[PDB]
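Single-structure report; data block below.
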Amino acid sequence: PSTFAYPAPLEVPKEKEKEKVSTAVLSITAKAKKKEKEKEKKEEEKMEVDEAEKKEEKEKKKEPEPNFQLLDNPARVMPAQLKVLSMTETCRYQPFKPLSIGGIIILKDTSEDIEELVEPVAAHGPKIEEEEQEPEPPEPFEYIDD
Amino acid sequence: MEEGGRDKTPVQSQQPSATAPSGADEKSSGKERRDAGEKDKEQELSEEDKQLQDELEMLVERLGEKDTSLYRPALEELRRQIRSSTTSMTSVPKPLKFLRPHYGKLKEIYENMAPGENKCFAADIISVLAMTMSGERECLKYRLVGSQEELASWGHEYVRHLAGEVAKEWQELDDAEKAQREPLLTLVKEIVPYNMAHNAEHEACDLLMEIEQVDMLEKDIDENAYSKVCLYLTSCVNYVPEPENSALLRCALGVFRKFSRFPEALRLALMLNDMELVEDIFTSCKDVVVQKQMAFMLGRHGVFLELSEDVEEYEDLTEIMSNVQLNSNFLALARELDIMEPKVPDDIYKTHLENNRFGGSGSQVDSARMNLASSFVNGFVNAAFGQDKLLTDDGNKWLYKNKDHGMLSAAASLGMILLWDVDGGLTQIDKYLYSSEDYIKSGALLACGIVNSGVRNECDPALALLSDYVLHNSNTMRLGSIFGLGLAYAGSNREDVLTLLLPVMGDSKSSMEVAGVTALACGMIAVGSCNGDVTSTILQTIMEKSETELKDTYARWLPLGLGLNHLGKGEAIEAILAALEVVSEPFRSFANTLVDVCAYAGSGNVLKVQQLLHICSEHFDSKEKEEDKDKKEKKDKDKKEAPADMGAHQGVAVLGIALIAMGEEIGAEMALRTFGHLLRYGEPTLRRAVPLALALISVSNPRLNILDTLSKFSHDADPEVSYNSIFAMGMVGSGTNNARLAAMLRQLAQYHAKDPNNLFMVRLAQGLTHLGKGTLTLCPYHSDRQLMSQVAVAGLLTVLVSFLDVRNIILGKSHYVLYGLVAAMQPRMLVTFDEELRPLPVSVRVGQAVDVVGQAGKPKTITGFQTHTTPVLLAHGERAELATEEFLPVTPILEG
């Protein structure tokens, strides 16, 4: 369920220009202050000093950004079942995603199947009906909208 | 060279010996390292032993074929070996002998070959071996001192020995705990401070202590032994970080305790400002000879003279404890107490006054805002006996016309002049006390304090009056009253002093800047003496600072009050800083920077590094703004310690002016005010860039602060720097005025500036040394940072003095002649060759009666050996009174 998901809200161009200016002030002042300050005597029996008064020498911070390796297809096959909400999906489906599913059938409600896999983006007929037809709750957008 | 083809002994060599040294010695390289390390097999160590006699002989032929090409390829690897790393320490009988020639090989490479690399490689091998070997090692050094052939090597021989020990590789706990150091001290004195300082151990100071204490009488005489130690300590302190610095001072205090000469001992007790330490030393100064002679006079003058009080009464922390003890021994009641109290110092001031000449009265006009300025100049110029006596006596004219806080101040300033008089001068102060408004009555107490610092015998004490008044309401009445109490009670450790400090009887009833004085007042009681560790003064600071976010001026004063109280040990200051941190305020970050900077001094390592640390592009309050632009001067050390350091830091400082100035336009305005104070606080040897810089900018831009900060420098020596300043201050003053208020500042500075050639001169010396803790400098630093146009400031403003005696009287022995020995000075300089500790004793001769002109002719060496008297006080940073042990009944006086 997590290999095709809904990617984050965007970095955007707008925020990119805006941020650099902000980062610039903090960046020079931190580095300039932090590197220069020592409170250490290295030719002493002590390593540094037992601490007289508190130091300003301090350290930096690192934050990366999350990405998973080079692929254009699912990561992990999966033999577990995952619930799919119709047209919100489990998270999201891409055209390779239904290949990996052996299923695309239902036995998770009253409904059951008369047909098996249908290949990617293609119609399957779920059999809630006797063999003809009966209505079902409205998932489609126009009914909900009006 | 590890070859079994013979280079080493797998069997007894004799063939390569003669042959190899000419071109480049191949035999000894493999023999000493490779054979020793691979086989510590004892049957194989016996072959080497037989070989050993041959090994000795190798040194004379090796000195015959010296030449830089022949010597350079032969040894790089012997230099590298360590005994404990070949583990040849673990057989003592045969390797110890192998070390005896091994040293003799190394010494030629160390000095004769001049490049930096040969010395450093060579250090690591000598130290490890020397400590392990000890006793036999001392014999080994002597053999080398003589030299197998008497050539160039002997001169170098002493330095290399001690230069090698500096490294102190491996063992740091030694094997001997007296070290091999001892014979070298007498021969070379230059190498030794390099060893103690790099080593930067308390253990280093232990080894130095044991050897100087024995060496005192025995080696040569007491006088040279005393001299050797004083120099050594001086390099060492800068290198040690602050917690550890206190420990080295005490260790030193023990070497001195025994010694006939006391000067350096007092400096160490001063640094700490501890009640117990100063007591121990004092009793010890007097004891050596029960006759008054050098011993008592040396102890009494030297400890008492030292500063920690802006008022002229000096310390007085020592005074109460020391006096009862001195009268008990009995050489007379009147003699011990008279020297001890300020009474003798009142005379010597009077006599010096004439030679130096006077800048006239501080009067200008008694009308308009100029009457306020007039009042202030009298106080600033003279904290001693004046020649402006005629204006002060007549109270009605100057004192009354005064407005607002200036009335209180006028009344204070009058006490400064009356100081050195109280045998008739008291009476007016009391008239002022009875009558009129609170400002004048409170002024009279502050003033009384000031006058009653001219005696310790006390007549109609000031101390009684004060007690009842502080308690008494009206914020102006309490403000003056507490501030007075700080002088009057003094640095004393009497219960009377301790008990008062506990309640904050001061201002805390106003949310304005006048309230800040409360923290200052508790500081004023201690006056530079160390903390009792009272909670009340620390807590007060949080309260006052926290409530405003509306006054920039208020927030800064609370840490400034605390610093005065805090002044003392490195040990003590860590503890008091802790209490404040628990709560956090952005206003405290101003205090955090102040306390750290005060604490750090005494170390060139921690102090200078802190002293550039800046973020100022967030706020111009106290929040992130901090002390930084102000701080950039690097003043705290320069005042505290070392003669060399004072010029080096200023060298850094010049460049820093540009950096603030260019960095911001706002930065330039603030930087110019504080830079002008570095000159007064620090006492640099540079007068080039800064006096002129301030002068030119002030013609361009009206800005009144500039004249004020400059005139405080201009007191020091009054036609060196004063030549420029007087011109600038006058020209601006009479071509620009913006207000009556504006005029008032410019006059105050203009009058304060002149007072001819070193009269009640400002120096941050003790005049016995300048390695010690000077007077409270922070009081002019407070007046200089903020606008001096602020009327609230005025009360504090009156004492910003940071004077050093105009005494250059020769004493330190009982003979008590005026105008001391011949000495050396260069006053055609702005940097000088010798600032080791004591400068060059040739230069161009000075022994004149007129007071010394430092800080561009700073160097004084005390010279007296040709006259056959000897100095007890060698120049330790002194700029006042000589101390000698005189074998003459009259001390010669010279022209030059």
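All residue names refer to the structure tokens as shown: chains lettered A, B, ... in order, residues numbered from 1 in each chain, ligands numbered from 1 in order.
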
Query - Distance-based interface of chain A with chain B, 6 Å, counting only C-alpha atoms, as number ranges by chain - result: A: 33, 37, 39, 44, 52

Those residues you just picked out, can you put them in a file as a PDB file, in the first residue's frame with N, CA, C and O atoms?
```
ATOM      1  N   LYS A  33      29.977  32.334  14.760  1.00  0.00           N
ATOM      2  CA  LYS A  33      30.034  32.259  16.231  1.00  0.00           C
ATOM      3  C   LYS A  33      30.501  30.947  16.725  1.00  0.00           C
ATOM      4  O   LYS A  33      31.379  30.887  17.565  1.00  0.00           O
ATOM      5  N   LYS A  37      34.630  29.891  18.678  1.00  0.00           N
ATOM      6  CA  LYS A  37      34.621  29.811  20.156  1.00  0.00           C
ATOM      7  C   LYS A  37      35.210  28.542  20.432  1.00  0.00           C
ATOM      8  O   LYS A  37      34.847  27.525  19.884  1.00  0.00           O
ATOM      9  N   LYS A  39      36.781  26.652  24.201  1.00  0.00           N
ATOM     10  CA  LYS A  39      37.050  26.909  25.629  1.00  0.00           C
ATOM     11  C   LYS A  39      37.865  25.732  26.054  1.00  0.00           C
ATOM     12  O   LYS A  39      37.417  24.948  26.965  1.00  0.00           O
ATOM     13  N   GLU A  44      47.092  20.873  28.315  1.00  0.00           N
ATOM     14  CA  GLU A  44      46.680  20.704  29.696  1.00  0.00           C
ATOM     15  C   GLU A  44      46.494  19.265  29.978  1.00  0.00           C
ATOM     16  O   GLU A  44      46.110  18.533  29.083  1.00  0.00           O
ATOM     17  N   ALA A  52      33.933  25.940  33.499  1.00  0.00           N
ATOM     18  CA  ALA A  52      33.922  27.031  34.379  1.00  0.00           C
ATOM     19  C   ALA A  52      32.549  27.701  34.372  1.00  0.00           C
ATOM     20  O   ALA A  52      31.854  27.806  35.394  1.00  0.00           O
TER      21      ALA A  52
END
```

Query - Distance query range 281-284 of chain B at most 7 Å, only C-alpha atoms, self and fewer than 6 positions along chain excluded, as a list in words - result: residues 257, 299 and 322 of chain B

Requested in this report: Do a neighbour search on residue 264 in chain B at 9 Å with only C-alpha atoms, toss out local chain neighbours closer than 5 positions, and write the hits as a PyMOL selection string.
Outcome: chain B and resi 230+252-253+256+768-769+873+876

Report task. Excluding residue 45 in chain B and any residue of its chain fewer than 3 positions from it, enumerate the residues within 12 Å of it, using only C-alpha atoms, and give them as a list in words. Result -> residues 8, 9, 10, 11, 12, 31, 32, 35, 36, 37, 38, 39, 40, 41, 42, 48, 49, 50, 51, 52, 88, 91, 92, 93, 94, 95, 96, 97 and 98 of chain B

Query raised in the report: If we count only C-alpha atoms, what is near residue 100 in chain A at a cut-off of 10 Å, once residues fewer than 4 positions away on the same chain are taken out, given as a VMD selection string?
Result: chain A and resid 73 to 78 96 120

Query - Expected answer as an MDAnalysis selection string: alpha helix (DSSP H) residues in range 4-68 of chain A - result: chainID A and resid 13:36

Saved selection, atoms kept: N, CA, C and O atoms, as a short mmCIF file (atom, residue, chain, number, x, y, z; two decimals), in the first residue's frame:
```cif
data_model
loop_
_atom_site.label_atom_id
_atom_site.label_comp_id
_atom_site.auth_asym_id
_atom_site.auth_seq_id
_atom_site.Cartn_x
_atom_site.Cartn_y
_atom_site.Cartn_z
N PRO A 13 7.87 26.71 -6.58
CA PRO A 13 8.94 27.69 -6.84
C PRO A 13 9.01 28.85 -5.86
O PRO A 13 10.03 29.52 -5.66
N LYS A 14 7.80 29.23 -5.34
CA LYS A 14 7.53 30.41 -4.66
C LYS A 14 8.35 30.39 -3.36
O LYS A 14 9.04 31.37 -3.04
N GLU A 15 8.22 29.24 -2.61
CA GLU A 15 8.84 29.08 -1.32
C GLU A 15 10.30 28.99 -1.46
O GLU A 15 10.98 29.52 -0.55
N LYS A 16 10.87 28.38 -2.57
CA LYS A 16 12.24 28.25 -2.87
C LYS A 16 12.93 29.58 -2.92
O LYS A 16 13.91 29.76 -2.28
N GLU A 17 12.38 30.62 -3.64
CA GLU A 17 13.01 31.94 -3.65
C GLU A 17 13.00 32.58 -2.29
O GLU A 17 14.01 33.20 -1.91
N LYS A 18 11.85 32.50 -1.54
CA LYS A 18 11.64 33.12 -0.35
C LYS A 18 12.62 32.64 0.80
O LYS A 18 13.15 33.45 1.53
N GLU A 19 12.86 31.34 0.86
CA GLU A 19 13.60 30.69 1.93
C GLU A 19 15.08 31.05 2.04
O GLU A 19 15.62 31.11 3.16
N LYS A 20 15.79 31.25 0.87
CA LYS A 20 17.21 31.42 0.80
C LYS A 20 17.76 32.59 1.64
O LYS A 20 18.80 32.53 2.30
N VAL A 21 16.95 33.68 1.61
CA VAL A 21 17.16 34.95 2.26
C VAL A 21 17.17 34.80 3.76
O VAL A 21 18.09 35.19 4.49
N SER A 22 16.19 33.99 4.23
CA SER A 22 16.00 33.57 5.63
C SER A 22 17.13 32.74 6.04
O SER A 22 17.65 32.87 7.16
N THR A 23 17.55 31.75 5.21
CA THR A 23 18.53 30.78 5.57
C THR A 23 19.86 31.57 5.66
O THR A 23 20.67 31.31 6.52
N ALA A 24 20.09 32.60 4.83
CA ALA A 24 21.32 33.31 4.73
C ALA A 24 21.81 33.99 6.01
O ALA A 24 22.95 33.79 6.37
N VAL A 25 20.92 34.69 6.73
CA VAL A 25 21.25 35.33 7.94
C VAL A 25 21.63 34.37 9.05
O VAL A 25 22.60 34.51 9.76
N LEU A 26 20.82 33.24 9.21
CA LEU A 26 21.04 32.34 10.29
C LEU A 26 22.35 31.64 10.07
O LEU A 26 23.12 31.49 10.99
N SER A 27 22.63 31.28 8.83
CA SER A 27 23.71 30.52 8.38
C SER A 27 25.05 31.09 8.61
O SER A 27 25.88 30.44 9.22
N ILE A 28 25.29 32.39 8.25
CA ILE A 28 26.57 33.03 8.54
C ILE A 28 26.75 33.24 10.02
O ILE A 28 27.87 32.95 10.50
N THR A 29 25.73 33.71 10.75
CA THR A 29 25.91 34.01 12.15
C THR A 29 26.22 32.82 13.05
O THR A 29 27.14 32.88 13.84
N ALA A 30 25.55 31.65 12.77
CA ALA A 30 25.80 30.40 13.45
C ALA A 30 27.13 29.90 13.25
O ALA A 30 27.74 29.51 14.22
N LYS A 31 27.61 29.89 12.00
CA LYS A 31 28.91 29.35 11.70
C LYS A 31 30.12 30.14 12.20
O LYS A 31 30.96 29.60 12.92
N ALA A 32 29.95 31.46 11.98
CA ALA A 32 30.91 32.45 12.49
C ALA A 32 31.11 32.40 14.06
O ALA A 32 32.21 32.49 14.54
N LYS A 33 29.98 32.33 14.76
CA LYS A 33 30.03 32.26 16.23
C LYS A 33 30.50 30.95 16.72
O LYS A 33 31.38 30.89 17.57
N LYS A 34 29.95 29.81 16.20
CA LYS A 34 30.15 28.43 16.69
C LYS A 34 31.60 27.97 16.45
O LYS A 34 32.20 27.39 17.34
N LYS A 35 32.20 28.16 15.24
CA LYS A 35 33.52 27.63 14.94
C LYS A 35 34.55 28.29 15.76
O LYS A 35 35.49 27.60 16.15
N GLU A 36 34.52 29.65 15.97
CA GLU A 36 35.56 30.48 16.53
C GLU A 36 35.77 30.22 17.96
O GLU A 36 36.90 30.27 18.42
#
```

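Every protein or nucleic acid residue with an atom no more than 9 Å from residue 539 in chain B, counting only C-alpha atoms and leaving out same-chain residues fewer than 3 positions away, appears here: residues 535, 536, 542, 543, 579 and 580 of chain B.
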
Residues at most 12 Å from range 286-297 of chain B, counting only C-alpha atoms, excluding those fewer than 2 positions away in the same chain, as an mmCIF file with C-alpha atoms, in the first residue's frame?
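Listing of selection.cif after writing:
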```
data_model
loop_
_atom_site.group_PDB
_atom_site.id
_atom_site.type_symbol
_atom_site.label_atom_id
_atom_site.label_comp_id
_atom_site.auth_asym_id
_atom_site.auth_seq_id
_atom_site.Cartn_x
_atom_site.Cartn_y
_atom_site.Cartn_z
ATOM 1 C CA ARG B 257 55.855 32.873 52.180
ATOM 2 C CA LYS B 258 59.292 31.638 53.187
ATOM 3 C CA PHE B 259 61.124 34.271 51.063
ATOM 4 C CA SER B 260 62.651 37.443 52.463
ATOM 5 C CA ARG B 261 61.076 39.484 49.517
ATOM 6 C CA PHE B 262 57.275 39.649 49.586
ATOM 7 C CA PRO B 263 56.097 41.601 46.322
ATOM 8 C CA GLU B 279 45.621 37.458 56.447
ATOM 9 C CA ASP B 280 48.192 34.538 56.243
ATOM 10 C CA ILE B 281 50.486 36.415 53.967
ATOM 11 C CA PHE B 282 50.401 39.675 55.923
ATOM 12 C CA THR B 283 51.332 38.184 59.257
ATOM 13 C CA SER B 284 54.194 36.419 57.262
ATOM 14 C CA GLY B 299 54.274 44.214 53.776
ATOM 15 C CA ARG B 300 52.339 47.200 54.887
ATOM 16 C CA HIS B 301 52.830 49.437 51.860
ATOM 17 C CA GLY B 302 52.682 46.788 49.248
ATOM 18 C CA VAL B 303 49.403 44.928 50.328
ATOM 19 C CA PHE B 304 47.535 48.103 51.295
ATOM 20 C CA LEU B 305 48.358 50.122 48.058
ATOM 21 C CA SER B 322 45.963 43.081 59.630
ATOM 22 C CA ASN B 323 46.149 46.137 61.946
ATOM 23 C CA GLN B 325 48.121 42.038 64.741
ATOM 24 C CA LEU B 326 50.722 44.717 63.844
ATOM 25 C CA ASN B 327 50.024 46.898 67.013
ATOM 26 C CA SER B 328 50.243 43.728 69.123
ATOM 27 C CA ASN B 329 53.861 43.017 68.139
ATOM 28 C CA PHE B 330 54.549 46.712 69.091
ATOM 29 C CA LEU B 331 56.974 48.884 67.316
ATOM 30 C CA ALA B 332 54.724 51.766 68.354
ATOM 31 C CA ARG B 335 53.808 54.180 63.303
ATOM 32 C CA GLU B 336 52.014 50.878 62.409
ATOM 33 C CA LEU B 337 48.551 52.377 62.097
ATOM 34 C CA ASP B 338 49.657 55.663 60.444
ATOM 35 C CA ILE B 339 51.287 53.806 57.439
ATOM 36 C CA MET B 340 48.409 51.266 57.445
ATOM 37 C CA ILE B 810 60.945 55.101 47.590
ATOM 38 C CA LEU B 811 60.395 52.998 50.521
ATOM 39 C CA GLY B 812 59.979 49.238 51.298
ATOM 40 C CA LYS B 813 62.556 49.779 53.967
ATOM 41 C CA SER B 814 62.625 52.404 56.717
ATOM 42 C CA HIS B 815 64.690 55.409 55.663
ATOM 43 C CA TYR B 816 61.681 57.086 54.034
ATOM 44 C CA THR B 870 69.224 46.057 45.900
ATOM 45 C CA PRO B 871 65.510 45.952 44.853
ATOM 46 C CA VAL B 872 63.107 43.839 46.875
ATOM 47 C CA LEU B 873 60.620 44.907 44.070
ATOM 48 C CA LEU B 882 59.771 51.622 44.441
ATOM 49 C CA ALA B 883 60.480 49.093 47.066
ATOM 50 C CA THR B 884 64.191 48.352 47.814
ATOM 51 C CA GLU B 885 66.183 47.092 50.778
ATOM 52 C CA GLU B 886 68.416 50.010 51.522
ATOM 53 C CA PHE B 887 71.929 49.607 52.992
ATOM 54 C CA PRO B 889 70.818 55.994 55.069
#
```

Report summary line: A straight line from CA of residue 275 in chain B to CA of residue 639 in chain B spans 22.4 Å

Query raised in the report: Please, what distance in Å, to one decimal, runs between CA of residue 147 in chain B and CA of residue 184 in chain B?
Result: 16.0 Å

Requested in this report: Report the distance between CA of residue 364 in chain B and CA of residue 725 in chain B in Å, rounded to one decimal place.
Outcome: 18.6 Å

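Backbone DSSP over chain A yields strand (DSSP E) at residues 112, 113, 126 and 127 of chain A.
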
Resulting file, chosen residues, N, CA, C and O atoms, as a PDB file, in the first residue's frame:
```
ATOM      1  N   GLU A 112     -19.761 -11.060  -3.863  1.00  0.00           N
ATOM      2  CA  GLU A 112     -18.825 -12.002  -4.294  1.00  0.00           C
ATOM      3  C   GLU A 112     -18.630 -11.831  -5.763  1.00  0.00           C
ATOM      4  O   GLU A 112     -19.161 -10.857  -6.273  1.00  0.00           O
ATOM      5  N   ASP A 113     -17.871 -12.740  -6.427  1.00  0.00           N
ATOM      6  CA  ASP A 113     -17.447 -12.552  -7.752  1.00  0.00           C
ATOM      7  C   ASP A 113     -18.187 -13.508  -8.687  1.00  0.00           C
ATOM      8  O   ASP A 113     -18.722 -14.536  -8.251  1.00  0.00           O
ATOM      9  N   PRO A 126     -19.012  -7.137 -10.267  1.00  0.00           N
ATOM     10  CA  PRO A 126     -19.230  -7.773  -8.998  1.00  0.00           C
ATOM     11  C   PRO A 126     -20.639  -8.246  -8.908  1.00  0.00           C
ATOM     12  O   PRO A 126     -21.464  -7.613  -9.506  1.00  0.00           O
ATOM     13  N   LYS A 127     -20.915  -9.415  -8.269  1.00  0.00           N
ATOM     14  CA  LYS A 127     -22.194 -10.048  -8.313  1.00  0.00           C
ATOM     15  C   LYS A 127     -22.658  -9.911  -6.959  1.00  0.00           C
ATOM     16  O   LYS A 127     -22.281 -10.698  -6.071  1.00  0.00           O
TER      17      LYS A 127
END
```
